[PDB]
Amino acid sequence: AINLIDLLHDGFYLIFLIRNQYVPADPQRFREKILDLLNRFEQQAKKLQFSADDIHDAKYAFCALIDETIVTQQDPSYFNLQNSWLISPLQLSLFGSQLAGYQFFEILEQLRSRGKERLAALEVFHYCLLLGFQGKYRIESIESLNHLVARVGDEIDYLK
């Protein structure tokens, strides 16, 4: 009954704080807190017997989401947290990737297709979309992204 969204409950709250304009007092202590929460999340998700791909893709989505929340911030208070983060964004540090804007949506299309068998992973990718992740849709039309969020949400409602 515990979900992958619930294991990331501590990590998503810190996403919510940055969205809510809270600024970490210590950027590098903030970053090691994220890394330890992702290992906690993995150790706990592995013991609850979630598949290695579900664990991998939930952490991937959260890292794509935390990276873009931080880098898109325009208010000048975030200037020191952005300057320490851009040294190594977690997409690049943990996955060697800079293609998350596109590949988050490739992985999402794989999970929509797998439906019930990967629905724990797909609930995470939907929740990253409700907490502001845009990726590749930021420069394309944005209404296209709301309709995508709406129907992935519908499919999750349907799969229950």
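One rule holds for the numbers: they count along the sequence shown, beginning at 1.
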Output the stretch having the higher mean C-alpha B factor in the entry; the candidates are 65-73 and 29-37.
29-37
Take the C-alpha B-factors listed in the entry for 98-106 and for 49-57, compute each mean, and give the stretch with the larger one.
49-57
Of the three thirds of Cα B-factor ranks in this chain, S113 occupies the middle
Please place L122 in the lowest, middle or highest third of its chain by C-alpha B factor as given in the entry.
middle
Divide the modelled residues of the chain into thirds by Cα B-factor and specify which third, lowest, middle or highest, holds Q134.
lowest
For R19, the third of its chain by CA B-factor is the lowest
Would you mind checking where the Cα B-factor of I156 ranks among the modelled residues of its chain, as the lowest, middle or highest third?
lowest
